[PDB]
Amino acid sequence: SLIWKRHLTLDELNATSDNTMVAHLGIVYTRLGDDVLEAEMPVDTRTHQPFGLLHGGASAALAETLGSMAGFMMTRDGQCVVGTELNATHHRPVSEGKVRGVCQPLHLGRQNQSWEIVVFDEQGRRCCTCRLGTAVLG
């Protein structure tokens, strides 16, 4: 079932990243279903931590990016959304290729929402589990 209130295309979605942290990290929206939003991010110099692994901060940023956008797509003209609470558990390390974030809703209220964001490595293994709470300012 389609849940989105705002109907946009991937090209339009990616156009919002221009000149923001999203583009600075190479995050690209890659899939938009009826009730799910996906984006991929590279594991290189821009998202690395000392030893060469994926920085725990990059995964967090990817999650915050997806939850905010999905939340936005659930609002109507004149409304706005803002990320209020974030938590994340780092299960496994990643050192090469790209990771893929999958965002799905857990609760959709008219005043606030809760989104799940699981991050997988190119082998399909879950490397990070996050949850983001948002507030609608509409």
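Numbering starts at 1 and follows the sequence shown.
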* Structure fact -> Ranked by mean Cα B-factor in the entry, 128-136 and 1-9, top stretch is 1-9
* Structure fact -> Once average C-alpha B-factors are taken from the entry for 116-124 and 13-21, the winner is 13-21
* Asked: Out of 107, 48, 90, 100, which one has a C-alpha B factor higher than all the others in the entry?
  -> 48
* Structure fact -> Chain-relative C-alpha B factor for residue 65 (record values, thirds): the lowest
* **Chain thirds of CA B-factor: placement of residue 85** => lowest
* Asked: How does residue 58 rank on Cα B-factor within its chain, lowest, middle or highest third?
  -> lowest
